[PDB]
Amino acid sequence: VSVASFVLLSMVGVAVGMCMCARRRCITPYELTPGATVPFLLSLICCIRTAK
Amino acid sequence: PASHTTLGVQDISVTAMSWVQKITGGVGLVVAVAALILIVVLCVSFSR
């Protein structure tokens with residue numbers, strides 16, 4: 001029960017680490033561009049500030 | 001004295017209490033539709 005709980009918590013840890021990674025990779029081409037035009041669908045999905 | 005247990009009248013009640021399911025279902029749905037309408041218009045007025 002202890003070693004199973006360690007690896008299970010590592011898998012949800014990896015899943016959130018992937019969500020941090022995939023957000024940072026997907027959003028940077030919008031965040032680096034001058035005068036950005038991010039669409040509302042990706043704004044809500046990738047969890048950024050209100051509107052932009 | 002009574003040859004049976006005292007009723008759990010806190011909820012133990014008739015069949016044809018389905019009148020509760022009818023009115024609580026109707027009031028639940030008019031609230032749920034009113035809330036869904038609010039959520040849609042709130043989301044497109046947030047899309048602005």
# chains A, B, ... in the order shown; residues from 1 in each chain; ligands from 1
>>> interface_residues(of="chain B", to="chain A", cutoff="9 Å", atoms="only C-alpha atoms", output="ChimeraX atom specification")
/B:46-48
>>> residues_around(residues="residue A:42", least_positions_apart="4", cutoff="10 Å", atoms="only C-alpha atoms", output="ChimeraX atom specification")
/A:26-27,38,46-48,52
>>> select_by_dssp(residues="chain B", states="alpha helix (DSSP H)", output="ChimeraX atom specification")
/B:18-46
>>> atom_distance(atom1="atom CA of residue A:14", atom2="atom CA of residue A:31")
24.6 Å
>>> atom_distance(atom1="atom CA of residue A:33", atom2="atom CA of residue A:18")
23.7 Å
>>> atom_distance(atom1="atom CA of residue A:22", atom2="atom CA of residue A:45")
11.5 Å
